[PDB]
């Protein structure tokens, strides 16, 4: 659970993203693949080339789940239960990777929302992505 101030900042921030959420989620993925090549290990079935329609598509789905997590900020464990089980039980994603994806997201957000990415918003978003990470790796920690 985030503080009411934090929840306020996340919602304000995601509002400015608006109809760009899928473009930003796909970019966050490209940046994660380039900066941290080990993550590619989880998508051997994907075409990872710059501009891949697979990467674009998946980025839309990633952004969709973040939007749903935002509209359900007071019950993250409940809203992402199916996703929790996919990542923790069937995919066995190492927790380290969630920090890399969270970081790539913050860099993407920071470059598209210069004035909105204030220190307080930054801290609020970091806590949020950390809460989401914590939820997705629950079948285990």
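Numbering follows the first chain given and starts at 1.
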Segment of higher mean CA temperature factor, 53 to 61 or 96 to 104: 53 to 61
27 to 35 versus 71 to 79 - greater average Cα B-factor per the deposited record: 71 to 79
Residue 48, C-alpha B-factor rank within chain (lowest, middle or highest third): highest
Within-chain third of residue 115 by Cα B-factor, per the entry: highest
Cα B factor band for residue 12 (lowest, middle or highest third within the chain): highest
